[PDB]
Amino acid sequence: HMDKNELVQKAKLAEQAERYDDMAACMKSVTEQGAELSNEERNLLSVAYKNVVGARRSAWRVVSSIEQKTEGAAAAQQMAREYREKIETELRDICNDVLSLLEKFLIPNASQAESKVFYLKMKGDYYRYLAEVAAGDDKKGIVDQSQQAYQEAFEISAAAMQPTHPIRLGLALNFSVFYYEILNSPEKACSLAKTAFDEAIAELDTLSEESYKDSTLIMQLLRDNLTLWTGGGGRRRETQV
């Protein structure tokens, strides 16, 4: 059995090799050893599972579009439907894997506000991924679970973290996307993103260069979504005194 250092070293090797199943298995093993993850181990775990589920999400959108495009061909549409359902099962199993890890190991032992916000955001993300493909009688509960987790994360970070903190900015980005795509609520999605951006830009100048670089990267994403969602109108071009 590998100790923690060997598992982290192997997860980094697997990352460079783009072997994300291996990477996630290593970081799940690290997690279940029961010690609080460091910032870099948190990033390795989250990057690994995002890529693992990300392959299915992309494949799911492709096959869904083919299923919609072949509506006049029974055999072709049925084959695409069955293949989408197969991908969905994989996707749900990955989400349930992550959600179980968050509930059983990560969230209960998060002793600092930063890490708890990170894991509650992650819980919001993976219920959101479930909500992207939920289409039966469980969608309503899943959508609510996502919003509850995001909101709990928002509550802790609003009180414990500066608005420039990358975790708080990343939470605002994804929670905004949840409102836009899952709830079909563009006005709330935009005001949430705009508020987090405005609150950060007021303090951005006070950061060290390295922290500034980190914050600005996420603030770029908030800006890009706002511009995408509001088009040429709404946003007024900027000039400088």
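In case it trips you up, residue 1 is the first one in the sequence shown, and so on.
Per the PDB record, of the two stretches 47-55 and 194-202, 194-202 carries the greater mean B-factor over its C-alpha atoms.
Stretch comparison (27-35 versus 203-211) by mean CA B-factor in the PDB entry places 203-211 on top. In this structure the maximum Cα B-factor among 95, 143, 160, 122 is found at 160. Sorting 74, 87, 99, 169 by the CA temperature factor given in the entry leaves 74 at the top. Among all modelled residues in its chain, residue 110 ranks in the highest third by Cα B-factor. Annotation for residue 5: CA B-factor lies in the highest third of the chain's modelled residues. For residue 164, the recorded CA B-factor ranks within the middle third of the chain. Only modelled residues enter the ranking. Ranked within its chain, residue 182 lands in the lowest third, by CA B factor from the PDB record. Sorting the modelled residues of the chain by their CA temperature factor places residue 65 in the highest third.
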